[PDB]
Each structure stands twice: as structure tokens, then as C-alpha cells.
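Inspection log for the structure reproduced underneath, given as C-alpha cells.
Bear in mind that the values in this text are calculations on the coordinates, not laboratory data. Because the Cβ atoms are built from the backbone with ideal geometry, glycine has one as well, and the counts that use them run over all protein chains shown.
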Amino acid sequence: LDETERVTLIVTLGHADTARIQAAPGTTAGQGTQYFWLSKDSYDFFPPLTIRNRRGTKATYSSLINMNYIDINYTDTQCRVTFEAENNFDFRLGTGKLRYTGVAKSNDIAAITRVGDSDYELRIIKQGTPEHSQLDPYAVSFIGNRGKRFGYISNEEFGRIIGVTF
DNA sequence: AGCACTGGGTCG
DNA sequence: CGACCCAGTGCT
């Protein structure tokens, strides 16, 4: 991992991003697969999307990564990031371990730090926190029609803002 | 049980 | 019709 690529993806979370995280067990709201929807341009932040869809007629190009859910102390070696190429151009980051946990809601900030070629750490930056205030401006790029914002920050400065050594 | 799939929505 | 948004179904 080149020094230039040791960065953190900051993205403002929406409703669909946290619908299953906030939902109660057995609710329709808490049904389905839990993702964070990212920008399609962020694929260069991830390993080569080479893993193909087994079933299905439409093409999906996926990659498996080690995601370190920091807020729940869990490293999922099977965190799938998928580009729905022939469907709706969704770029999804699997976050199923946060289901029914309620650690994130709308306008919270997801911080995805790249610490290796295939190694990542996921932190939820709750709204109302100084960290959220200092991280929010780094999300300059507007995506979606619901006002999602994303951007990148050096692991250094992010580490300073949240008080963590990388 | 829970995620790989499905397939609409909406805005420009 | 490109690019996120959203709510599931059904297969493993």
C-alpha cells in the first residue's frame, strides 16, 4: 500500500445506510442485506473487483476485504464490497455486523480507514461530537439526491482528530 | 438466519 | 440512463 493510498474514506450516512442498523428484530425495516452505499468512483479505494456473481443473470463485480468494525471489536474477513454493474450501478460496502446494533443513524459519519491492501477499519462518528465537526468538512464531494457527501483524509490527520495511531 | 441477489424509485 | 436511494425476496 503506497503512502499516497493510506487514506480514510469519510462519508455522511443516510436512511437506507442505517435502516437495518436502527431497526428492531423481526421488523421489515430490519430485513435484507445491510450496506453503506458508496460512490461508484471510490472503487479505486478497494481491491480489484474480480469476484463474480455465482447465481443471477446480471453481472456483479465484488471484492472481499478484512473489515475491522472498531465500535464492536470485530474483524470480518468476509466483508464484501460489490458493484452492481449490470443492475443499477450501486456501489455497496457490506456492513452486516452493525445490524440491530443501533450504533449509527442518519447524518452520522462513517469513517473507513485503509490500513492495508485488503485491510480496513470502520468507525462510526456520531453527530454532535467534536470529531464529527472536524471530519464533516472533509466530505466535499456530493453524491445522491438525498445530499450524501464523501471525501478522503490522510490517515495522519484523521488519527490526530480521533486520537489514534496508525 | 442472514446475506447474495432482485428490482423497483428518484432526480437531473 | 447514470448514479445513489430504498425495501425487500429467496437461496444457502
Give the residue list of chymotrypsin sites (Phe, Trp or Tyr not before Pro) in the stretch A:45-124 that are DSSP loop and have at most 12 other beta-carbon atoms within 10 angstrom. A:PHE89
Using DSSP to call loops (not H, G, I, E or B), can you name the GluC sites (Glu not before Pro) in the stretch A:1-100 whose Cβ has at most 14 other Cβ atoms within 10 angstrom? A:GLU86
Which of A:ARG99, A:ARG54 comes first, and how do the rest follow, when ranked by fewest Cβ neighbours within 10 Å? A:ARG54, A:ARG99
Just for the Cα atoms in the stretch A:83-146, what are the lengths along the principal axes, largest first, rounded to whole Å? 40, 28, 28
Report, in deg cm²/dmol and to the nearest 500, the calculated mean residue ellipticity at 222 nm for chain A, where each DSSP H run with n ≥ 4 adds -39500 (n - 2.57) and the sum is divided by the residue count. -3500 deg cm²/dmol
Write down the percent of antiparallel bridges among all DSSP beta bridges whose residues are both part of the stretch A:53-131, to the nearest 5. 80
In whole Å, what three semi-axes, largest first, describe the equivalent ellipsoid of the stretch A:1-81 built from its Cα gyration tensor (square root of 5 times each eigenvalue)? 24, 19, 13
The Cα extents of chain A along the principal axes, largest first and rounded to whole Å, are 46, 39, 32
Residues whose placed amide H lies under 5 Å from that of A:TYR69, excluding near-sequence neighbours: A:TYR74, A:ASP76, A:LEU122
